[PDB]
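Working notes, beginning with the structure itself.
Derivation of every value follows stated rules applied to the coordinates shown; laboratory data play no part. Counting neighbours? That spans all protein chains shown, and the Cβs are built from the backbone with ideal geometry, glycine included.
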Amino acid sequence: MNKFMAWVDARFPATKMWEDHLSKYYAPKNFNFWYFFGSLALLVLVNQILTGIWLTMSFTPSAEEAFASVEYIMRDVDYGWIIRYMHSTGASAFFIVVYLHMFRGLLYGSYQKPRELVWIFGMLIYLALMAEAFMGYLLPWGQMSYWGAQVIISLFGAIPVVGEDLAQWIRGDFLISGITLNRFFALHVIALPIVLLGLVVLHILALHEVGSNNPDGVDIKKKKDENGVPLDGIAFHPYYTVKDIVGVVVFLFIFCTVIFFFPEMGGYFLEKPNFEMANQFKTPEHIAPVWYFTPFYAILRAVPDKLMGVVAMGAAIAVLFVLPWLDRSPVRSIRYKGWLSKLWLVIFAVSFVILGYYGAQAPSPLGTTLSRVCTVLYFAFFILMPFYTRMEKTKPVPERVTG
Amino acid sequence: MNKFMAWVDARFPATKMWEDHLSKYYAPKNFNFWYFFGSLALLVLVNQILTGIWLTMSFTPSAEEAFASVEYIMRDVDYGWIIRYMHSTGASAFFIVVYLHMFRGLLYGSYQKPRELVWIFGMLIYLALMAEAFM
Amino acid sequence: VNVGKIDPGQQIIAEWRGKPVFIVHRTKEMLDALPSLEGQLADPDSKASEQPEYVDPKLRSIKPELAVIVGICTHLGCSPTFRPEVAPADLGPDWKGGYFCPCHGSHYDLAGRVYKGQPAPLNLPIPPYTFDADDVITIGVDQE
Amino acid sequence: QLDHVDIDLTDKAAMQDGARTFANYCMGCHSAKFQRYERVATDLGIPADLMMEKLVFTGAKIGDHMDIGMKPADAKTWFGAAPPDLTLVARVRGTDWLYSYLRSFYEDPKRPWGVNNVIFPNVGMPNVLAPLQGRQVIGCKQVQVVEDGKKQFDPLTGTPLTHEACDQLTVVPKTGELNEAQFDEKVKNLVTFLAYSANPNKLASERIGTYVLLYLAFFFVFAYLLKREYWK
Amino acid sequence: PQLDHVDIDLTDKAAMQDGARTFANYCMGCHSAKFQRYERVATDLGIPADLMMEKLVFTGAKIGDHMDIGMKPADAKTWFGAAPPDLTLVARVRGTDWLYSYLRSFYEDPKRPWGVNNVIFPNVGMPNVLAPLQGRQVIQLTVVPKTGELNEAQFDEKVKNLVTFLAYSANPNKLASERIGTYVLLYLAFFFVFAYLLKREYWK
Amino acid sequence: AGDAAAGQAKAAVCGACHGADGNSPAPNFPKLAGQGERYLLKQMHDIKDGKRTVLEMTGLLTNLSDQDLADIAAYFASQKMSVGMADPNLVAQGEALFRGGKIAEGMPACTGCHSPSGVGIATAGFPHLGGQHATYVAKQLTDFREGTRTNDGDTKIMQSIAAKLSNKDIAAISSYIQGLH
Amino acid sequence: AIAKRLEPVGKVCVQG
Amino acid sequence: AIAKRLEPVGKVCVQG
Ligand SMILES: COC1=C(OC)C(=O)C(C/C=C(\C)CC/C=C(\C)CC/C=C(\C)CC/C=C(\C)CC/C=C(\C)CC/C=C(\C)CC/C=C(/C)CC/C=C(\C)CC/C=C(\C)CCC=C(C)C)=C(C)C1=O
Ligand code: HEC
Ligand code: HEC
Ligand code: HEC
Ligand code: HEC
Ligand code: HEM
Ligand code: HEM
Ligand code: HEM
Ligand code: FES
């Protein structure tokens, strides 16, 4: 209503925010498949929050009842199995969407100036997401849950001096137990969700401060019409809102297909050994991380030394933070970067996929050799970026976006 | 730092937000005792969130173990008794501070125009607090 | 645990930290044979295994008479079977007493030191224990 | 090497026979404690009174979980390994693994219970279905001849052409109630019931997902039209 | 009803030890103290762990175990007509004065199932389990002479020590709380002066 | 393995108490017919070595070699245990205990280690129970409960299990087992 | 049909 | 001192 909105606008900047962030907010008109994943990440975060709130209505964060409570959700709670599968598939889809989001950032140089803070907030979001998923995977209290938590927290025992004390303090016990379960449940259900929501708010605010990149890397703000609107810019609402609605429907089709027909996804979204209750005295023949942690695992497994392996695994994630300063290309988009940048992006993607694929299996000779090679390539993609971004010859970026 | 803040401000609304909300935001200079309670309500909300997060690390939301888990917090968890007392006294202090805040609003007509939305959001906060404290 | 009542060549099972701890009263012939078993162990010096800094590297116990080993097989955490017999028909003729894992056939000597080329990659753990008195030990507090 | 089994979760009779087998030969050591008798009866089409009379042996109520008197610690002490809860074993191991495991027990005097398992070597489980299957041994029997996947059947009779192999699971004749096919069907029904127990929402999941996907295709048509239009 | 005031001293280790002895011998038969551990009771009462295990742990439990009892609540509710409540927090549920008056107010009432009634807790399902010590108390409450091991003063001390232990059991953090609170308040008074001065400086 | 054909001749002395085919007529003598050969051999060795005390068999197995015992066990395992009759007033409780055990007391059902039909597991050494005399079964359960019989091994399977059976439970379950098939 | 399918394995012979 | 203060109420006579 006109009068109601006039009353609100005098007392709340509703119309002002709407015209500053969604309408009258002109994003590049050449977004492609790779720009669906921010909105899909928001959708998956909302799905995780809702389904987690509902699982918490029935979950028991105790070592004696966690697994039994999960089965109670799966069988006794009306549609509880739907909510649980939504949550597990939503964690896996959160990591799928976020990895594709980060790979878009890599492809189109979206981390470069002025979006360095956007990239840093996104990486903080990624760290929070990894912590959240790790602590959630302990909640079912299956064999995989318990033993993956055991190994991951023993990693903190690799710190030379304070490692063992730090690991014990994190566990809250001399081993992984119900104390660790309840603690990780509290962190996973409130603390990290709050941190993630705040980080997402900061991320979107920084983006809207500096504006979106585009597949061509063209700074659309340079060319503006008489009204001040970029020539290659269109209002986010309604054009990209409807585009993101279509993307959300497609994502929901895939998401519901997985939920209702293949919730386990061949044992990758719901690992088979995790359907057995945690046993402190019998460890699985082969213990592997959830798929979305597998690459870094491979890196850690590729290093013969324990402390060096932990340091390398941490650096594999920390280097993405400095990525904005590693890239010295005069152009943003891979479309106009030299052959070296394209080759190294291909190498990095292949190495990441191979690291994930070989970290999901028991160690093998070819697997170990390829994991070490891919660790070298993964770190070289970043370490050599400041050099091969300068050595290459880049194409001239068009004044107007293509399409 | 000057250079660091210049770098941030070109990428974040840091200084603009600081100067729109906290600095360069000119409030009446005659605030009295009754205007302490918005900040105190914020502090009590932060205390409730933090203490409740730490209680959730040791609470068992089952009819069989809820009371036992509360006693476990009181007795077995190091300083868990402190955290639980902060939480319960913080709920009581939250309602004390919120009631004094609402009474300030009554005294000084802070609900009147143009602050009708402020008052309505405050009442929604009060409803959420009633539900939160009951649960 | 009161350990002075363990007759030669027998063991008791204590329960520490959820885990089963075999407390074995190792007789003479056993400790005479153990120095002759170094040719079949992957970690005879317990370089990579887990044990306190005050136990003998070879015997892996505070004193040779008593053997305190957390009875959890390194490979998949199964409880080894105590086989003090000299040459069991199914342990082979080279046996000189020890621990036989039944789940996947991992073998350890009477000092908990794993044999070579078995599923168990490390020796059986030595828990942190001490001797309060000649007949009683405490499993959980390090020796002074 | 596992053997494939085609498990039909819509077969109420097969699931009923599997539930009977589980209640009689299995719940002595194994629990199904994440699963209630009431839900099992509802999904298998068993009347509640019939479920009470025929499958509930522990004095539990219809709505009670399929708990058993054998405690995990006691059974771990007795058998050397705790008999795991079997509600989700179909998801933990898969139906093919269970089908091959329950048919792979063979006499092995070297073992504590006189038996071993091809699928689960040195398993701590006694061969509790020996009365049905009969004595199974690692002996010599006729196996279909195969040469690089060149599998020979009899063109006329359609039965396999076989040669003797001396490392095969052979059931000693006249040692069990059921022949090979009858024991195969018994194990198939048992594994079908276990598959239902692991995933009792499978059929409803497929139905609901079909409807959800139809709705999402409809909504996609509308959203795609609203997008491509409004992008002109 | 009118209660008798008792001055409970939670720093009296000897009194709390006597109360713990009385609770373990006369009260843990039907009542659990399942929300506290033998180890913490020993630590707070100054009782050595070996002495605590020998003298106060009768159930075969470990020092670190909760003070559980064999009498299950359902069985006790059936037997007595009411479940003997866990007494760990009873000093907070009822207060020390109520407990002191209740444990001394049992008198003989043949109309009751257990032959006793209580002035503080009329028609209570508790049998008078301290009758051997107090003696035969009959109705104003008077103890029949030469019927109990202890006189009125000696029994009051026994109840006072027991109530003192119950008072500690309900609130084992009270002494540590008053110690920590003193320093927290001292710091806040110290911090207030700096905050007050800082505010005064700016508001010139 | 033993030879049933020779065990028949070697088992004639036993048939005085256990019956010619192992189906004893007197309740106090257990039926050896159809009993697991492994279990029979273990029991005979235990009685030889004093691990199980049967006063009625004092010196009867001392002169029999290991192969003779194996032959006798094979002969008895080659027979079929006759099935008795359960007391109608006790069959319900005995059946409930046998098939379900006690969830509350944590007593296992007997149908796991001993088959639902009571035939036991011959390879595992779990004895055949169905058809066994109610008197003998009750005596064995009482002996396990009181620790009189301890040859069930260090794991104390049956000692632990029988510790949870009352006298009424023992009588009812023995009566049910007498008619179990 | 279901009742026959669900018959318990253990059969007990009872007096009378 | 503490040992006497904590002596169990129930005293048992034992042979020899
Ligand atoms: C097989 O195996 C393996 C796998 O697995 C299967 C794997 O996957 C992997 C691969 C691993 C991965 C890639 C997974 C990665 C997963 C992770 C990153 C998980 C890591 C998560 C953890 C282990 C959690 C660790 C958590 C830590 C260390 C952080 C701890 C944080 C705390 C405890 C917070 C501290 C609390 C505080 C400070 C309280 C707040 C204090 C206050 C002051 C509050 C405010 C108080 C007041 C206001 C009162 C005082 C008043 C003041 C200040 C005065 C002034 C007043 C004002 C208010 C102004 C590997 C290698 C592996 O091999
Ligand atoms: C119907 C007759 C039964 C089926 C089907 C299964 N069991 Fe058992 N079982 C028993 C023990 C002591 C174990 C543990 C052995 C070990 O860990 O080495 C098992 C194990 C299984 C497994 C393996 C599950 C896994 O995740 O590895 C399956 C699939 C299984 N059992 C199915 C003991 C007994 C027992 C006591 C006599 C009975 C009656 C049964 N099992 C019956 C069945
Ligand atoms: C079994 C013989 C008991 C012994 C020994 C002791 N108590 Fe008891 N208690 C018992 C019952 C059955 C009840 C319930 C009575 C009712 O009508 O509800 C109680 C209750 C108490 C209470 C009341 C607590 C409350 O109402 O919140 C107290 C304070 C109490 N008991 C204390 C107490 C003490 C100090 C004992 C040792 C001296 C003791 N009880 C022994 C049963 C039995
Ligand atoms: C009467 C003089 C007996 C003769 C002759 C034999 N046995 Fe017997 N046996 C007898 C009794 C009274 C019992 C039961 C003991 C008890 O504890 O109640 C037994 C028992 C056995 C058993 C154990 C059976 C079981 O546990 O199921 C076995 C295996 C057995 N006896 C074997 C056996 C053999 C081989 C004999 C001839 C060499 C023999 N028995 C003779 C009494 C008598
Ligand atoms: C798990 C293994 C069990 C289960 C759950 C029960 N029993 Fe049985 N039992 C078991 C073993 C290993 C043995 C052999 C003991 C030995 O070697 O000395 C037995 C034996 C018996 C016997 C004696 C049979 C005889 O003497 O002929 C009886 C009478 C018996 N067991 C009864 C019984 C009952 C009533 C059970 C349920 C309450 C039961 N058993 C369970 C192993 C196991
Ligand atoms: C980024 C957001 C989140 C992610 C990535 C995430 C991830 C996960 C994962 C991977 C599991 C393991 C599921 C399984 O394998 O069974 C899990 C479990 C769980 N999560 Fe989270 N979660 C998120 C947010 C939340 C929130 C906000 C809540 C509650 C408010 C929550 C509550 C739970 C509960 C109760 C469980 C245990 C039940 C179960 O395992 O399904 N989660 N989570
Ligand atoms: C996990 C939850 C996340 C949410 C909800 C989220 C949300 C969004 C949204 C809505 C956008 C705008 C639309 C789009 O560009 O797709 C965006 C852009 C962006 N995101 Fe994310 N994001 C998340 C995580 C991340 C992570 C992990 C990274 C990188 C490490 C990242 C980096 C970026 C960058 C650089 C941009 C702007 C680049 C450009 O304009 O092309 N984000 N984010
Ligand atoms: C406005 C915010 C909140 C209010 C007013 C509030 C109020 C309360 C109150 C009155 C209790 C009863 C405590 C007692 O009587 O012992 C309670 C219990 C509890 N609260 Fe909240 N709460 C708030 C937020 C939270 C949050 C955010 C969490 C978790 C992150 C939390 C976790 C708990 C837990 C675990 C308990 C049970 C343990 C206990 O009783 O101490 N609370 N809350
Ligand atoms: S369980 Fe010990 S070798 Fe595998």
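How much net charge surrounds C:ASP32 when only the other residues with a Cβ under 12 Å from the Cβ of C:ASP32 are counted, with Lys and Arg +1 and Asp and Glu -1? So the surrounding residues net to +2. Two numbers describe the Cα atoms of chain B: Rg and Dmax, which are 19.9, 58 Å. A Stokes-Einstein calculation at 10 °C with viscosity 1.306 mPa s, built on the Kirkwood radius of chain D over Cα pairs, returns a diffusion coefficient of 77 µm²/s. What separates the Cα centres of segment F:4-71 and segment A:140-162 is a distance of 57 Å. List the pairs from A:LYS272/D:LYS174; A:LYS222/A:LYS337; A:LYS3/A:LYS221; C:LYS5/E:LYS13; D:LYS54/E:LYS72 whose alpha-carbon separation is above 30 Å, in the order I gave them. The answer is A:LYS272/D:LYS174; A:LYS3/A:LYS221; C:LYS5/E:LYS13; D:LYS54/E:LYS72. Helix B:116-134 and the longest principal axis of the C-alpha atoms of chain B enclose an angle of approximately 10°. Charge dipole of segment F:83-181 (Cα centre as origin; +1 on each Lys and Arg Cβ, -1 on each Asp and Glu Cβ, all else neutral): 60 debye, rounded to the nearest 20.
Highest GNM mean-square fluctuation among C:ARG113, C:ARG17, C:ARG83, for chain C modelled with Cα contacts below 10 Å: C:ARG17. Checking every one of the GluC sites (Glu not before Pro) in segment C:1-56 against DSSP loop status and a limit of 14 other Cβ atoms within 10 Å picks out C:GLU50, C:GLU53. Segment F:139-181: percent of C-alpha pairs farther apart than 17 Å? For segment F:139-181, the fraction of Cα-Cα distances above 17 Å is 31 percent.
Excluding the site residues themselves, the longest part of chain A lacking any GluC sites (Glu not before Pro) in a DSSP loop with at most 14 other Cβ atoms within 10 Å is A:1-225. Using equal-weight Cα scatterers in the Debye expression, the normalised intensity of segment D:95-156 in log10 at q = 0.29 Å⁻¹ is -1.22.
For D:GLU53 and D:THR210, the FRET efficiency from 1/(1 + (r/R0)^6), where r spans their Cβ atoms and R0 equals 35 Å, is about 0.45. Pairs of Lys residues in segment F:1-82 are counted when their Cα atoms are under 17 angstrom apart and they lie 8 or more places apart or on different chains; the count is 5. All Cα-Cα distances of chain A, cut into 10 Å bins from zero to the largest, leave 5, 20, 29, 25, 15, 6, 1, 0 percent in each bin in turn.
Alpha-carbon geometry of chain C: the Rg and the Dmax are 13.8, 43 Å, given in that order. Per-residue ellipticity at 222 nm computed for chain E from its helices equals -14500 deg cm²/dmol, with DSSP H segments shorter than 4 residues left out and the rest contributing -39,500 (n - 2.57).
Projecting the Cα atoms of A:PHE12, A:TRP54, A:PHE103 onto the charge dipole of chain A, computed from C-beta unit charges around the Cα centre, puts A:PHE103 farthest toward the positive end. A simple spin-label model places the labels of A:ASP165 and E:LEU198 3.1 nm from each other, with each point 7 Å out along Cα-to-Cβ. Note on C:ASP134 and A:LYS3: their simple-model spin labels are 10.3 nm apart, each label 7 Å out from Cα toward Cβ. Which net charge results for the neighbourhood of A:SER333, defined as the other residues with beta-carbon distances under 10 angstrom from its beta-carbon, given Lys and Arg at +1 and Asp and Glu at -1? Net of charged neighbours comes to +3. Highest mobility in the GNM of chain A, judged by mean-square fluctuation with C-alpha springs under 10 Å and restricted to A:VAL189, A:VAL98, A:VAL201, is found for A:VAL201. As a calculated quantity, the FRET efficiency between C:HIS104 and C:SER36 at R0 = 25 Å, using C-beta atoms, amounts to about 0.45. Hey, if you drop one equal point scatterer on each alpha-carbon of segment D:104-232 and run the Debye formula without solvent, what base-10 log of I(q)/I(0) do you get at q = 0.10, 0.11, 0.13, 0.22 Å⁻¹? After summing over all Cα pairs, the log10 values are -0.59, -0.65, -0.77, -1.26. Note the angle between two axes, namely the Cα long axis of helix D:180-198 and the longest principal axis of the Cα atoms of chain D, as a number of degrees from 0 to 90, rounded to the nearest 10. The answer is roughly 40 degrees. The phi torsions of segment C:105-119, fed into the Karplus equation with coefficients 6.51, -1.76 and 1.60 and a -60° offset, translate into couplings of x, 8, 10, 9, 7, 6, 8, x, 7, 5, 6, 7, x, 10, x Hz, rounded to whole numbers, with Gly and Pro shown as x.
Name the residue from F:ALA1, F:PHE76, F:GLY34 whose Cα lies farthest towards the positive end of the charge dipole of segment F:1-82, charges +1 on Cβ of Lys and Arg and -1 on Cβ of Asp and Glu. My answer, from the dipole projection, is F:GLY34. Straightening the chain between A:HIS286 and A:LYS16 buys 91.6 nm, computed as 0.36 nm per residue apart minus the Cα-Cα spacing. What do you get for the angle between helix F:167-179 and the principal long axis of chain F? Use alpha-carbon atoms, 0 to 90 degrees, nearest ten. In chain F, helix F:167-179 runs at an angle near 60 degrees to the longest axis. If I model the protein assembly as shown as equal point scatterers sitting on the Cα atoms and use the Debye formula, what is log10 I(q)/I(0) at q = 0.06, 0.07 Å⁻¹? The calculated log intensity ratios at q = 0.06, 0.07 Å⁻¹ are -0.75, -1.01.
Counting only residues at least eight positions apart within a chain, or on another chain, the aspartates and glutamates with an alpha carbon under 19 Å from that of A:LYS342 are A:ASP216, A:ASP327, A:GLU392.
Stokes-Einstein diffusion for segment F:1-82 at 37 °C, viscosity 0.692 mPa s, with a Kirkwood radius from C-alpha pairs, works out to 268 µm²/s. Could you state, as a whole-number percent, how many of the C-alpha pairs of segment F:83-181 are farther apart than 22 Å? Counting pairs separated by more than 22 Å, the tail of P(r) holds 18 percent. Taking 7 Å steps out from each Cα toward its Cβ at A:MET57 and E:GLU178 produces label points 4.7 nm apart.
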